[PDB]
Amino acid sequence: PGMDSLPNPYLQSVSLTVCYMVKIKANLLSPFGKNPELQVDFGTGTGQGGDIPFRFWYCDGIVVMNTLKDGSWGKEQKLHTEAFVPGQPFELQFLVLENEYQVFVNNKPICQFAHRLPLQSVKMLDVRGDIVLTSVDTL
C-alpha cells in the first residue's frame, strides 16, 4: 500500500505566462468523518492575507473558484462536477491563457475562470487537501 508522494501542502514559486500549464496528479483520501477537499491557489506569495488571484476549491461534487483581493473575497463562480471520483487517481490541469484559466480533469474541460488580477502577479502555487499528491508539473 506504500507509495511515494509529495509534501502536502505543496508549494512552488512560479512565473505565469499567457501560455502556461500546471499538471497535478493526485488521489482523494477518505478522511475520518468528513468529505475530502482539494484546494489549488495561484497566490501572490506576499504572506498571510496577501492577494490570491485564483483559488480553485473542490469538495463533494462542488467546485468553487474565487479571487482574494485587498483582504476581500469576490463573487464565487460555482459549479457541479462529477469529475473527481473518490479513490480514483485523477489528473488536474490548469491552462493559463491571456484571458482566462482553463481547467481540465482527466483530459476533459471542466470550467474556465476569467482573470480578475494580472496573471503576472501570481508568484506562488499552492496545492493542498485531503489528497495523496504524486506529481506537480509546470511548463
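One-based numbering along the sequence shown.
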- prompt: Comparing 99 to 107 with 78 to 86, which has the greater mean CA B-factor as deposited?
  reply: 78 to 86
task: Would you determine, from the values in the PDB entry, which of 55 to 63 and 28 to 36 has the greater average C-alpha temperature factor?
output: 28 to 36
Of the residues 132, 3, 136, 139, the one carrying the largest Cα B-factor as recorded: 3
- request: Report the third (lowest, middle or highest) to which the CA temperature factor of residue 93 belongs, ranking only the modelled residues of the same chain.
  value: lowest
